[PDB]
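Let me begin by presenting the structure, written as structure tokens, before commenting on it.
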Amino acid sequence: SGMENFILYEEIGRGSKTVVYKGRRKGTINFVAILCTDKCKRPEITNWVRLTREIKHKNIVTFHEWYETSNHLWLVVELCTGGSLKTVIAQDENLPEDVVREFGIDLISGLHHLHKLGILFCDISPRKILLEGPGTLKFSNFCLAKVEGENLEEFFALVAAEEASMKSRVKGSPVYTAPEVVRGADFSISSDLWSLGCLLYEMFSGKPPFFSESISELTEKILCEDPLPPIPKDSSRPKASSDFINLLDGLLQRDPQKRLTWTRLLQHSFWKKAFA
Ligand SMILES: c1ccc2c(Nc3cc(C4CCC4)[nH]n3)nc(Nc3ccc4nc[nH]c4c3)nc2c1
């Protein structure tokens with residue numbers, strides 16, 4: 001029963017109060033990723049499970065099981081041996097536009113599936129995207145995701161109560177936060193599409209469109225700065241196509257009423273009719 005049913009192999013990743021192992025279900029050849037964490041993370045794990053447990057999609061990490069032992073919580077999910085998108089970007093320094101398009105089609109498929117269900121990812125970022133290998137990107141961390149309109153602090157507090165402080169724990173990365181959210185609005189489908197624009201920009205250029213180590217500077221850049229066009233760190237490499245620049249200009253509109261819609265996003269020339 002429970003974790004008795006799994007072989008644990010090497011550690012493949014770590015986080016705060018967290019270790020991820022490669023594992024295998026005993027009596028099978030089914031390999032899994034097993035996240036082992038402190039019980040204080042029950043709100044984050046419960047949220048991840050409740051949002052994804054019934055999702056079966058190629059571009060979203062599959063849920064299998066979660067279990068509790070005397071001193072740990074355990075989450076058993078799909079194994080992705082290709083690492084994070086953050087590592088891919090750091091290695092190549094910059095990705096060719098054809099690769100960005102291929103990866104982008106994966107990101108679109110997964111995000112479209114979530115938004116259809118009313119699920120906001122809220123912290124779209126390279127470290128929360130895993131690769132199957134060679135490609136096949138998957139959204140892979142739902143601690144901070146939520147259903148549209150939900151108060152996630154309230155949800156975290158309710159989980160913690162059964163067993164204001166939560167306003168901090170629900171904070172993801174500020175780098176990809178849409179301007180309207182910086183200004184106090186709640187996350188939305190449109191703010192996720194902004195973050196997608198930041199991610200596509202970073203995949204091609206190797207760096208996010210708006211970045212500062214300082215928080216106050218980053219806030220001002222998101223609200224004032226115009227980032228186009230993305231230029232690879234390797235200045236000798238090909239420049240962005242006019243279709244790709246046009247796509248980013250639509251996604252990185254600061255005014256969400258002017259931002260590219262899903263319907264226009266899927267029809268955009270950059271995808272070369274991938275969604276026709
Ligand atoms: C090389 C190759 C693979 C990985 C890897 N693979 C995974 C991870 C998972 C699930 C465990 C919950 C997602 N499925 N596949 N993960 C990691 N690092 C990591 C570390 C703390 C994490 N907390 C959520 N996700 C995390 C991810 N590094 C890797 C480095």
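Return yes when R42 is surrounded by 13 or more Cβ atoms within 10 Å (Cβ to Cβ) and in contact with a helix residue (DSSP H, G or I) (Cβ under 6 Å, 6 or more places away or on another chain) and no when it is not. Walk me through it before giving the result.
Details: surrounded by 13 or more Cβ atoms within 10 Å (Cβ to Cβ): yes; in contact with a helix residue (DSSP H, G or I) (Cβ under 6 Å, 6 or more places away or on another chain): yes.
Criteria met by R42.
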Please give the number of the condition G83 fails out of (1) within 17 Å of the chain's Cα centre (by Cα); (2) on the phi < 0 side of the Ramachandran plot. (2)
Any residue at all in region 90-103 that's small (G, A, S) and away from the ligand (no atom under 11 Å from the Cβ)? yes
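For region 172-189, state whether one or more residues are of a type outside the set (S, T, Y), within 16 Å of the ligand (Cβ to nearest atom) and under 24 Å from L252 (Cα atoms).
Kept after step one, since they are of a type outside the set (S, T, Y), are these residues of region 172-189: 172, 174-175, 178-187, 189.
Narrowing the set further to residues that are within 16 Å of the ligand (Cβ to nearest atom) leaves 172.
Still in the list and also under 24 Å from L252 (Cα atoms): 172.
Yes; the residues of region 172-189 include at least one that is of a type outside the set (S, T, Y), within 16 Å of the ligand (Cβ to nearest atom) and under 24 Å from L252 (Cα atoms).
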List the number of the failed condition for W48; all other conditions in (1) surrounded by fewer than 21 Cβ atoms within 10 Å (Cβ to Cβ); (2) of a type outside the set (D, E, K, R); (3) under 22 Å from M166 (Cα atoms); (4) within 13 Å of the ligand (Cβ to nearest atom) hold. (1)
Could you give every pair whose Cβ atoms fall below 6 Å, whose first residue belongs to region 253-276 and is outside any helix (DSSP H, G or I), and whose second residue is among the small types (G, A, S), counting only separations of at least 6 or pairs across chains? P256/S190; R259/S190; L260/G250
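Confirm whether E180 is closer than 25 Å to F63 by Cβ and out of contact with any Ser or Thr (no Cβ under 6 Å at 6 or more places or on another chain). Walk me through it before giving the result.
Values: closer than 25 Å to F63 by Cβ: no; out of contact with any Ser or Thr (no Cβ under 6 Å at 6 or more places or on another chain): yes.
So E180 does not fit the description; no.
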Would you list the helices (runs of 4 or more DSSP H) that sit entirely within region 88-188 and hold 1 or more residues that are in contact with a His (Cβ under 7 Å, 6 or more places away or on another chain) and not β-branched (V, I, T)? 97-116
Among the residues of region 65-75, what is the count of those that are surrounded by fewer than 16 Cβ atoms within 10 Å (Cβ to Cβ) and assigned to a strand (DSSP E or B)? 1
Verdict on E78 being near the ligand (Cβ under 10 Å from one of its atoms), farther than 21 Å from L137 by Cα and buried (at least 16 other Cβ atoms within 10 Å of the Cβ): no
Identity of the residue in region 12-42, away from the ligand (no atom under 13 Å from the Cβ), part of a loop (DSSP other than H, G, I, E, B) and not hydroxyl-bearing (S, T, Y), that ends up farthest from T69 (Cα to Cα): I29
Has region 128-144 got at least one residue that is of a type in the set (F, W, Y), in contact with a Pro (Cβ under 7 Å, 6 or more places away or on another chain) and crowded, with 16+ Cβ neighbours inside 10 Å? no
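Restricting attention to region 122-135, which residues are within 18 Å of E202 (Cα to Cα) and more than 10 Å from the ligand (Cβ to nearest atom)? Show your work before the answer.
If we filter region 122-135 for residues that are within 18 Å of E202 (Cα to Cα), which is where we start, we get 122-131, 135.
Residues satisfying the conditions are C122, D123, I124, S125, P126, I129, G135.
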Specify the residue that is farthest from the chain's Cα centre (by Cα); the eligible residues are those in region 26-50 that are farther than 17 Å from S1 by Cα and hydroxyl-bearing (S, T, Y). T37
For region 209-245, the count of residues that are part of a loop (DSSP other than H, G, I, E, B) and surrounded by fewer than 20 Cβ atoms within 10 Å (Cβ to Cβ) equals 18
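Would you mind stating whether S191 is part of a helix (DSSP H, G or I), surrounded by 17 or more Cβ atoms within 10 Å (Cβ to Cβ) and of a type in the set (S, T, Y)?
Numbers: part of a helix (DSSP H, G or I): yes; surrounded by 17 or more Cβ atoms within 10 Å (Cβ to Cβ): yes; of a type in the set (S, T, Y): yes.
In short, yes.
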Unique match (being touching a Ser or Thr at 6+ places or on another chain (Cβ under 7 Å) and of a type in the set (A, V, I, L, M)) among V49, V20, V77, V88: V77
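Cβ sites come from the backbone with ideal geometry, for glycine too, and all protein chains shown count toward neighbours. Values quoted throughout were computed directly from the atomic coordinates according to the rules given, and no laboratory measurement underlies them.
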